[PDB]
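Protein chains in written order, with the entry's author numbering: chain C, 2 to 88, 99 to 174, 200 to 327; chain A, 25 to 91, 108 to 225, 231 to 484; chain E, 13 to 49; chain D, 49 to 276, 295 to 373; chain B, 13 to 329; chain F, 27 to 61.
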Amino acid sequence: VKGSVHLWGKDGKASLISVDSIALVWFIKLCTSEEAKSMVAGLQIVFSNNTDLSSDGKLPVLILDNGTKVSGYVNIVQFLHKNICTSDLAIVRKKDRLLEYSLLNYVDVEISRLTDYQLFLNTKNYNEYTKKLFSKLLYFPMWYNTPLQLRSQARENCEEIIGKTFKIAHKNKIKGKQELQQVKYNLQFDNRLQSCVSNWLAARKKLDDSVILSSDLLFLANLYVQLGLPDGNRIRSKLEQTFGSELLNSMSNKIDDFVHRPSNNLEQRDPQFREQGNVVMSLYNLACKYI
Amino acid sequence: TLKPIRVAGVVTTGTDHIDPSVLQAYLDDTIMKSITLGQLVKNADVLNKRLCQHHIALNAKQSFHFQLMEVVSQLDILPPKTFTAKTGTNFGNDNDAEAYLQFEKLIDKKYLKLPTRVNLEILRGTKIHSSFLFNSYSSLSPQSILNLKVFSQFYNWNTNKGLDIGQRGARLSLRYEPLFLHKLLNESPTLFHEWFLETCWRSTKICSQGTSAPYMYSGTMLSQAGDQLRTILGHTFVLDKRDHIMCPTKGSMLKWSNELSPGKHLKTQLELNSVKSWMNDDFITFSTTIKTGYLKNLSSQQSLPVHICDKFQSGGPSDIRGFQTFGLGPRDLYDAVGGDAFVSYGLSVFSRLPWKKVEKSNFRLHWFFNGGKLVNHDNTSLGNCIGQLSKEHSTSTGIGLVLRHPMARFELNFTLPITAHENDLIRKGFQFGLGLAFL
Amino acid sequence: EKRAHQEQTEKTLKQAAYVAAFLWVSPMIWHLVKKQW
Amino acid sequence: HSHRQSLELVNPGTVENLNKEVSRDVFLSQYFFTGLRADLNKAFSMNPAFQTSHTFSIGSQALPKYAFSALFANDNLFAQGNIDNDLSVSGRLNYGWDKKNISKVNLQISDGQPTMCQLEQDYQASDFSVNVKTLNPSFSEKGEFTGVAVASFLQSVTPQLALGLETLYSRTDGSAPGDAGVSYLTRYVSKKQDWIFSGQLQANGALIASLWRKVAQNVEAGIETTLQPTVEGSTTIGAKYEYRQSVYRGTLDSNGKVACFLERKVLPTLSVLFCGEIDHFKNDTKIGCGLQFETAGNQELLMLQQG
Amino acid sequence: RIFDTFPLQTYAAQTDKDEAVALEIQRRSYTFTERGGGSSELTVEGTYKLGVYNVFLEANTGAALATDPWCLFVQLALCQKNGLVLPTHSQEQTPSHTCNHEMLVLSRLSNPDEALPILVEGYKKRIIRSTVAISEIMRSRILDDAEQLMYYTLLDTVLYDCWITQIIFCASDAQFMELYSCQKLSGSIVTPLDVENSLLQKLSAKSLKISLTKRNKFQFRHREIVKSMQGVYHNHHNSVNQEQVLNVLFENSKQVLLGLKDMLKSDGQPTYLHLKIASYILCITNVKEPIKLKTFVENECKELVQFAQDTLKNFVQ
Amino acid sequence: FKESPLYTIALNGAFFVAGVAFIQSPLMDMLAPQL
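Here it is in structure tokens:
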């Protein structure tokens, strides 16, 4: 398999905005066995940071030198797992492929939604951490639309789940109302997270717990993103008190081990002009979209 | 006067925007048949009114003193052939005020030799979600006009804006209005016919929350939502022998409407109004209105149900004071399902304000009595329909204050029902209503 | 607490009325001060 | 009451317009908007003021998609009525019983919220001004006041200074006594009318300090400082150029944000307007464009406007 | 005071009703009969009506089944919970009526969410349960087993997306409107009234597709292929990226179907997973046009079409 | 080094007085164009 993988990132690391670019660099760096290394051999990592190359507008994209585009972490790993010669990261047996796919899809469609809430819909994280990354990731004219687009998208997936001067002083009660609403919202999020991760842990025990699967790299990526945000201490306290200090410490140790790995299998490539995403390419893409 | 005078010669000024071969028909048919001075004066007035109506001139001046045999002089004002942008407000009958923006354009005579006009309108309103209208008018004759309308409009219809109706389509209409009436109908009665053919695609949605209430979720209303395409022919006849449209003081008016959806349904509607004043300065006015309507399903074996928007509705601040809108007729669960036959009558009396300080003002005291019935007749016999349409009516009375401005009519009344049904939506006490059409 | 809050509000409004009266009498006081100085 | 007449004390302005020049004329915060806006204003008469306005907006949420307003104003009456989408009705009615006494009523209906009514009475004496406004009046079984009552008094100690107070009593439900707030207002006007200063101290310790300057007939400037433990502060500087062809407004805040607003009159009827705010520190930029077109309702004023 | 004396007289409620409407609701309703015997022991306040897009009569058992996987799954779940029996024909075949549960063919514009199935309960105090409410009710009965919840969420996210994309794109309007529309048809253009029904399908075909892409967060999962349907450009930039998205869905859905064959042992009463598998199989084997999903499930998955027939025999007598 | 609400109030007051001094200075007068 020869191609190229485009991800969110900068200078050899994946940004916390995308939990699928973080998990996709832990994947390529964990394919060390003879069978697993041939799965990812030939791929080149590019931190293009432009979504105009994507087939569906999401950045982690694999392009196999002939137009074949596969987008999303789950789709990419499922595509790669079916191109094995069949002659750390383990390859699951035939009798346990459906359950692995079910766990991966469940993480993607349930737990990856909550991370977007913490990244965009949580005011303390959005106003303090989230917005600062886009100015460094994108180009000057295209600096302000992407955060608003992502914030609007992140609330569409979470609607049904979480959702003279004396006149000024009277209006100032809006701040207290907002504080009460934020306290109310922090309770629904905790219950939903506790239920989702408990279901995932209950289902995961059906498989082998002595190996690292593709679905573990995404749950741990979500935990790493959620516990590194400025408001991550409350989440760390809530999860620990109901799931176990030993379990949380083991997961954090696994995350730290994944983070501190030599970049030997990984091989970056500097983006080319046609895949830069600057003003000229943006205008060219806008012209081509309408034509 | 009875002076024998012949007419030979018209000196026209400011008529460079209209073809002389077109203006000659107007001039001939209106004024070049006169045989006396009074007839000439009447014909000049008719010509001025017609040219104002057909948008040939915004103001026409006529001279007859030039000299049996004589030459008449006509002066036009050259209405603006360029773009005309306007904004305006209109009064819907069901307590809704619409606003609109309009762009008009007159087509030069070198393209179309018949006076043609094109307008585009964008309209919003209380219940009107949106409306886009494109109208094209063509003056085929001095006593005939042709209109082509293309419309796309979305709005809310039923109680609490429960339904959502969207219509898209086009109609072609022809209006005929004779210049002179035939000796039977010092007055200027109005008479016209209109024939139209319309095609429309209509979508009906239930825009009402199911957790809110059980309203709009009856068995009848669930089967009405959806898409349907239809084509209809229609005829309208109006004869208005009144001295004013909005402030009558004497005379009668008759309106007749027929609609046919071939193989689907046939609707007929009739309306009569009669106004009479008695005292020295129109102090006491008596107005009587009577409306009737009948709808028949032409489909075989009672198939192809008629849509809820094509049926008759009774009750409301305009139709029958003292009841809520869509507040009469049979109901399925709590929703008015309309009816196939209907009759309504109103017996209004107006009096002036006795205070000489304020007595010429349009504000007047009003005593009204209203009633009517709306039934779903069996499709068998008109005899059975009339038999079941003549018992157990739903009447009401009231007193209030009215302001009949030429732009609109406002009414503030205290209303009291006299007879009603168990499930009727009674509206006792104070009721406000503004619009143009009242019973 | 409740009646205490009512009494506090009454005291505040009475003080406001007193300050209003002081402002009303202020122009004459300042004129006299200017005349003295 | 003789030395008062000798001092020739001048009547001060309304308590609500102490910093009017800075708040409205200089700063563009009131007039800033976003998205595309079009206005069509049609006037029907001159001596009896009467006009209507249709507003069509798109691309933003603060400005409604469509709005319709109509105002009338004779010698001693003012009546304005505005209707905005989702059935929002606002109505203002002001009547002057005399040159000093003015009574105004504001009524707003939202069709889903209780109707709001505010009644205000204003008296302008020879050397002082008294205003009392009541919002949502109500009486309980004990005969006690229920609602919002704001009473403000302002007197000029000298023809250059003006001191005043504002008292607010707010009882919402009537079961519990309302809160009381006292605010102090001070205003100073220079002898040459070149620059004015205004200060306000609220009950909660908030401070407002504004200064207005007029360099010439076509250039004005203003500087405002607002303050409110947990307190926050803000500093704003604004400049306005008034020309016969166009009007320019610029403003800058101490937080590193800027905003501009220009009104360009190119035709006797059409007038374009542009506005833009940029905040580099917080990465927040908003834009707005609009147009205004004026028409005369009747033929007399149409001919007068045409020439 | 005296208001209580007005109205001066009051008549009974008006009992005349349109008979063209009563026949319309009678040919679009199908009655659920009881398992063992009798008519029912229900009052008009205890019955419910299931609003579905349309109905097809299957060849084997002859029962009437909804044409949508979600509607068919809800129908099977209701039949299992209450012990009912699947219908066989519309009420126009049985003029006599009694108090029974039923399934009602409705337009998607019969509720604000523009989605089906819906549940209508009660007569005088009537409750409307929407699609989201039905989904959350059905999903809360499998939370006991955490492994079955992973399989359940895989069926209605991968296989559901594949079915929706195929039906919307790879099938003609004449096939889409046959499954997701209540409009009448005859198949032969003879009468002038059949020309009018053909133009309505062409006009409203695209409006029905846009409403179907909002039922299960499809518009959120696939944002860039539901915006290309809301414009008329036919550019080839959005025509190549689309087939790449539609190709990964079909490749993923083959893995799901091949992995399902390994666990199809029903030791008695079927669970909610078996009913959901059977709904998809029965709705895919109903399409007439040769879509890739139908071809695959009929050539490579002959063991999945016998399971669906076996699970259907529990609900037809 | 205070980093206190009183410190920020004093800083805002210093900004205000500096702005007032700038307005009073001939620099502000020259900022206005001749036209």
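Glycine residues also receive a C-beta, built at the ideal position from the N, C-alpha and C atoms.
Less than 6 Å between C-beta atoms, sequence neighbours within five positions excluded: which residues of the same chain meet that for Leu69(B)? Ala76
Between the alpha carbons of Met275(B) and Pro282(B), how many angstroms are there, rounded? 12 Å
Beta-carbon separation (whole angstroms), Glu311(C) vs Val62(C), contact threshold 8 Å: 10 Å between Cβ atoms; not a contact.
Terminal residues of the continuous beta strand (DSSP E) containing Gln21(B)? 21-23
Does the separation of the CB atoms of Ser319(A) and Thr330(A) fall below 7 Å? no
What is the DSSP secondary structure of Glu36(C), counted as helix, strand or coil? Of the three classes helix, strand and coil, the one that applies to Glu36(C) here is helix, per DSSP.
Mind checking the stretch 90-117 of chain D against chain A and listing, in chain order, the residues whose C-beta falls within less than 7 Å of any C-beta there? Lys90, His102, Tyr114, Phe116
Would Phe193(D) pass as an interface residue toward chain E - the criterion being a Cβ-Cβ separation below 7 Å? no
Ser122(B), enclosing alpha helix (DSSP H) - first and last residue: Run containing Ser122(B): none; DSSP gives neither H nor E here.
Since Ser231(D) meets chain C, which of its residues come closer than 9 Å, beta carbon to beta carbon? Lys200, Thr201, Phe202
Identity of the residue in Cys324(C), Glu303(C), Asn314(C), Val316(C) nearest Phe28(C) by Cα: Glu303(C)
Using a cut-off of 7 Å between C-beta atoms, extract the partners of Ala32(E) located in chain D. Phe201, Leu213
Cross-chain neighbours of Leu216(D) in chain C, by beta carbon under 7 Å: Neighbours of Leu216(D) on chain C, chain order: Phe202.
Would a check of beta-carbon distances place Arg164(A) closer than 7 Å to chain D? yes
If you follow the beta strand (DSSP E) that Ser5(C) is in, where does it begin and where does it stop? 5-7
Tell me whether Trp82(B) is buried or exposed, calling it buried when 16 or more other Cβ atoms sit within 10 Å of its Cβ. buried
Just to confirm my understanding: we take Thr294(A), look at its own chain, exclude 5 residues before and 5 after, and list those with CB closer than 8 Å. What are they? Cβ within range, chain order: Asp288, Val320, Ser322, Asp327, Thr330.
Cβ contact (3+ pairs, closer than 8 Å) linking the stretch 334-352 of chain D and the stretch 56-67 of chain D: no
Can you tell me where the beta strand (DSSP E) holding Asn142(D) begins and where it ends? From DSSP, the beta strand (DSSP E) with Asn142(D) extends over 136-144.
Could you give the distance in angstroms between the alpha-carbon of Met261(A) and the alpha-carbon of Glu133(B)? Distance between the alpha carbons of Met261(A) and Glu133(B) is about 14 Å.
Could you confirm whether any beta carbon from chain A is found closer than 7 Å to the beta carbon of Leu155(D)? Not closer than 7 Å to any Cβ of chain A, the Cβ of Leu155(D) fails to qualify, so no.
Under the DSSP definition of a beta bridge, which residues are partnered with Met109(A)? Looking at the DSSP output, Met109(A) sits in a beta bridge with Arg30(A).
Quick check on the DSSP output: the alpha helix (DSSP H) that includes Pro31(F) runs from which residue to which? Its alpha helix (DSSP H) spans residues 31-50.
Can you tell which of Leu209(D), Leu318(D), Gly222(D) has its C-alpha closest to the C-alpha of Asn184(D)? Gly222(D)
Tell me, please, whether the CB atom of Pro225(D) is closer than 7 Å to any CB atom in chain E? Taking 7 Å as the threshold, the shortest C-beta distance from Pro225(D) to chain E falls below it.
Taking the beta carbon of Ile185(A) as the centre, do at least 16 other beta carbons fall within 10 Å, making it buried, or is it exposed? buried
Inter-residue spacing [alpha-carbon to alpha-carbon] between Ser34(C) and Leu114(C): 23 Å
Using a Cβ-Cβ cutoff of 7 Å, what residues of the stretch 238-270 of chain D are near chain F? List them in chain order. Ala257, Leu259, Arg261, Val263, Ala264, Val267, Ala269
Would you grab the beta carbon distance between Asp53(A) and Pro182(A) for me? Rounded to a whole angstrom, and I think it's under 8 Å. 6 Å
Are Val315(C) and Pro152(C) close, meaning C-beta to C-beta below 7 Å? yes
Taking the CB atoms as reference points, tell me whether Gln358(A) and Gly383(A) lie closer together than 7 Å. yes
Report the residue from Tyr320(C), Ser16(C), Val2(C) whose alpha carbon sits nearest the alpha carbon of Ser146(C). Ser16(C)
Nearest chain B C-beta to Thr464(A) closer than 7 Å, yes or no? yes
Cβ closer than 9 Å: which chain E residues qualify as neighbours of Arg52(D)? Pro39, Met40, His43
Hey, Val70(D) and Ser200(D): beta-carbon distance below 7 Å or not? no
Tell me the DSSP secondary structure of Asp423(A) in three-state form. In the structure shown, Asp423(A) sits in coil (DSSP, three-state: anything other than H, G, I, E or B).
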